[PDB]
A.B. asks: 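This is the structure I have questions about; it appears just below.
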Amino acid sequence: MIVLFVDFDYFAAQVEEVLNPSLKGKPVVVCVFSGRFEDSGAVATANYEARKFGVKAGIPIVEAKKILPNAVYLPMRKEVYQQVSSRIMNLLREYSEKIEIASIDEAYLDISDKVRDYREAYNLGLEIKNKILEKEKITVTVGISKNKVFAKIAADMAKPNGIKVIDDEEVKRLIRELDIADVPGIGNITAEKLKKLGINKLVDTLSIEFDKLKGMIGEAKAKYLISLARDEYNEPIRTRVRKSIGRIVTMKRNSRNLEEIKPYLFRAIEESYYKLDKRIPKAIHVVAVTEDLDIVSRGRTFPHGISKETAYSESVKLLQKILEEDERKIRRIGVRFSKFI
DNA sequence: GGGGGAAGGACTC
DNA sequence: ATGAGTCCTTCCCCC
Ligand SMILES: [Ca+2]
Ligand SMILES: [Ca+2]
């Protein structure tokens with residue numbers, strides 16, 4: 001198989017640059033302001049100018065300003081980035097019918113029936129980077145290899161404004177040499193579990209007893225990693241259909257008082273129904289983030305679609321249950337809708 | 001034994 | 001110490 005992965009460069013920040021070019025060359029930081037206090041919230045994405053100094057997605061906004069007090073700080077404009085992303089995704093469809101939109105700035109293309117080798121594959125990547133640059137003035141990084149996983153790794157290695165092929169021989173190299181923490185789907189919690197087994201490379205998963213591996217990291221992740229180490233990983237490029245839509249908002253102050261929470265919960269439903277646009281959910285889940293950043297949820301499935309008014313009443317009931325069955329204060333509250341008709 | 005739903009968990013970006 | 005969404009695991013009802 002030949003997979004060509006497109007990863008939009010520091011997307012939200014770069015979009016802000018396209019709309020206001022004077023930002024070029026400067027450290028740009030797109031943030032989500034939580035509104036609890038002055039500058040509360042976190043960084044959603046920074047351009048490379050900002051990243052060079054350790055201003056990155058995830059850190060508090062306050063911290064970022066300590067490091068870069070004179071950087072441009074901008075609020076998330078999600079809807080804008082989405083409209084821009086949609087137009088780019090529409091460009092990529094010109095190069096394959098087999099295309100998987102993984103997120104707002106990631107797309108996988110099965111180009112097996114378009115190019116005969118990696119030479120032709122790498123050229124088509126150039127053609128794609130150019131096209132996106134011509135039409136939208138956005139840079140992207142293209143990663144190419146025999147499966148989705150290594151294509152992503154190609155792009156991890158080449159970003160930003162890059163392009164890389166990981167040919168058959170280098171896959172073998174990487175199975176032996178690549179730090180297993182850098183495998184897509186291996187986070188700190190799992191990396192830690194693995195290192196605690198001597199496993200630092202994909203190849204190591206082939207010499208450990210399977211039950212030992214499964215026993216610690218679960219059956220799926222084990223099968224996953226072994227298949228990669230065997231050079232047998234296969235997952236076809238599939239059109240993804242969204243499976244849920246939801247909104248979760250930060251409360252101005254923590255609480256377990258139902259009337260205090262209701263208004264935030266209700267705003268989350270309003271926004272969610274806006275987002276659903278024509279899709280009718282059969283399942284609603286209420287999601288709370290506790291004071292200690294734990295996540296608790298209660299949901300219910302219906303043998304029919306959920307109307308906004310049913311969402312409103314059921315959500316209160318589900319929030320109650322959360323309050324009855326857990327004593328902590330809530331920091332964040334929201335809703336998630338799924339099981340579309 | 002395992003299918004399917006609910007809730008918690010990890011990870012992605 | 002934000003926000004959105006996906007897949008997996010555990011535990012339990014049930015066949
Ligand atoms: Ca990106
Ligand atoms: Ca990792």
Side-chain angles (χ1 to χ4, degrees), chain A residues 3-18 23 27-32 42-52 55-59 74 76-78 80-89 91-92 99-109 125 128-129 132-133 136-145 148-164 166 174-175 177-197 199-202 204-205 216-218 220-222 224-225 228-229 233 240:
Chain A
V3 180
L4 181 157
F5 172 65
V6 175
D7 184 347
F8 306 168
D9 299 322
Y10 58 92
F11 191 63
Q14 196 187 353
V15 166
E16 292 291 10
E17 275 181 44
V18 157
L23 296 167
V28 179
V29 191
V30 191
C31 318
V32 185
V43 176
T45 152
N47 61 9
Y48 287 68
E49 254 65 63
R51 278 190 240 178
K52 292 188 314 196
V55 164
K56 58 176 188 171
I59 81 190
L74 297 167
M76 275 287 318
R77 290 196 293 164
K78 190 50 171 311
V80 182
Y81 313 146
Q82 180 55 63
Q83 284 190 8
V84 175
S85 158
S86 286
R87 303 199 303 265
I88 300 170
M89 298 306 175
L91 303 182
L92 300 171
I99 188 187
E100 181 175 329
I101 302 180
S103 58
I104 188 177
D105 72 334
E106 292 175 316
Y108 293 89
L109 278 71
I128 291 176
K129 288 166 60 81
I132 300 182
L133 192 61
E136 298 285 336
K137 294 304 175 293
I138 291 293
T139 62
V140 311
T141 297
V142 172
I144 293 159
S145 188
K148 290 202 278 185
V149 173
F150 278 97
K152 176 160 196 46
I153 293 161
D156 282 350
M157 292 177 311
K159 65 174 60 162
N161 189 13
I163 182 159
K164 169 156 192 46
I166 295 179
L174 289 175
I175 290 174
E177 271 144 22
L178 173 54
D179 186 342
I180 204 178
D182 297 344
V183 172
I186 305 309
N188 291 182
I189 293 191
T190 302
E192 197 43 58
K193 274 171 172 284
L194 290 171
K195 186 179 177 181
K196 194 168 298 174
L197 296 177
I199 297 152
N200 284 260
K201 311 291 176 176
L202 283 169
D204 314 329
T205 63
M216 178 111 325
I217 74 178
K221 232 144 205 162
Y224 175 61
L225 295 170
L228 286 162
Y233 171 91
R240 267 193 233 180

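Order of the sequence lines fixes the chain letters, A, B, ..., with proteins taken first and strands second; residue numbering starts at 1 for each chain. Every number for a ligand or one of its atoms is a count from 1 in the order of the listing.
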A.B. asks: Quick check on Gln82(A): does its CD atom have over 12 non-hydrogen neighbours (other residues, nucleotides or ligands) under 6.0 Å away?
C.D. replies: yes
A.B. asks: Check all N, O or S atoms of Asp7(A) and name the one closest to the Ca ion (ligand 1).
C.D. replies: OD1
A.B. asks: How is the N/O/S atom of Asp105(A) that comes nearest to the Ca ion (ligand 1) named?
C.D. replies: OD2
A.B. asks: So do the side chains of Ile104(A) and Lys78(A) get within less than 4.5 Å of each other, counting heavy atoms only?
C.D. replies: yes
A.B. asks: Looking only at atom types and distance, does a side-chain atom of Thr190(A) sit under 3.5 Å from a main-chain N or O of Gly187(A), one as donor and one as acceptor?
C.D. replies: no
A.B. asks: Taking all non-hydrogen atoms of both residues into account, name the closest pair between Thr139(A) and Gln14(A) and its distance.
C.D. replies: N-NE2, 2.6 Å
A.B. asks: Are the side chains of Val28(A) and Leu74(A) in touch, meaning some heavy atoms are under 4.5 Å apart?
C.D. replies: yes
A.B. asks: Run the side-chain contact (heavy atoms from CB on, under 4.5 Å) check on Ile153(A) and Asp182(A) step by step: do they pass?
C.D. replies: CA-CA 8 Å; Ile153(A) 293 161; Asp182(A) 297 344; over 6 Å; no
A.B. asks: Could you check whether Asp105(A) and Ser85(A), counting side-chain N and O atoms only, form a donor-acceptor pair closer than 3.5 Å?
C.D. replies: no
A.B. asks: Taking 3.0 Å as the cut-off, does an N/O/S atom of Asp9(A) lie below it from the Ca ion (ligand 1)?
C.D. replies: no
A.B. asks: Looking at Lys137(A), I'd like to know if its NZ atom is crowded, meaning that more than 12 non-hydrogen atoms belonging to other residues, nucleotides or ligands lie closer than 6.0 Å.
C.D. replies: yes
A.B. asks: Check for me: within less than 3.0 Å of the Ca ion (ligand 2), which protein N/O/S atoms show up?
C.D. replies: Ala181(A) O, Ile186(A) O
A.B. asks: For a distance under 3.0 Å, tell me if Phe8(A) has an N/O/S atom near the Ca ion (ligand 1).
C.D. replies: yes
